[PDB]
């Protein structure tokens, strides 16, 4: 109940800077219509939008974390169709995703929406820590299935590895909350609710690789 409330407080705090900045751009546009170059007027509108996206990210992230607390209806579903949907949606010209999915359907018992979120957070984390390369793959063993994401980032040592699931940041870099940390903490909790486990390591290209195991019926 309460680790959540504290977290909600952080979210509202982190929202202040983006929000103030939007009102600000909004206000100059409002007053400077006669005045402004179309180039600049566009750069305010563009920056507004970048900021709105920042907000939606944190809010969504929190809601997802919230949902993690409650029990969800499980069903049989194809892991590769879920991954496919998320990869399309996180798929951008900004970032190119390498798809290397197991070439057969994988049935696992899951709440699809929850899985979609776990995948999505892994992707954005891999887009932050990484240098642009992201690879999503899946596969299966007799007893358990898996999906994983990989970046060409710095590659996190087993020491820092533990303090990677922390939503709150020690430094107070003017931000109460780590999006990266909260994200992975969300993933951690979703995998657990599915009776799976996470497994971290180095990728093909030296970066981070996080893999999520799930039970097959």
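Numbering follows the first chain given and starts at 1.
Stretch comparison (116-124 versus 129-137) by mean CA B-factor in the PDB entry places 129-137 on top. In this entry, the higher average B-factor at the C-alpha atoms falls on 89-97, of the pair 106-114 and 89-97. Considering 48, 190, 55, 36 together, the PDB entry gives 36 the largest C-alpha B factor. Note on the listed residues 26, 63, 156, 186: the highest Cα temperature factor in the record is that of 156. Ranked against the other modelled residues of its chain, the C-alpha B-factor of residue 59 as given in the entry falls in the lowest third.
Residue 149 sits in the lowest third of its chain by CA B factor, as recorded in the PDB entry.
Per-chain ranking of the deposited C-alpha B factor places residue 200 in the highest third. Sort the chain's modelled residues by C-alpha temperature factor and residue 10 lands in the middle third, per the entry. Ranked against the other modelled residues of its chain, the C-alpha B-factor of residue 142 as given in the entry falls in the highest third.
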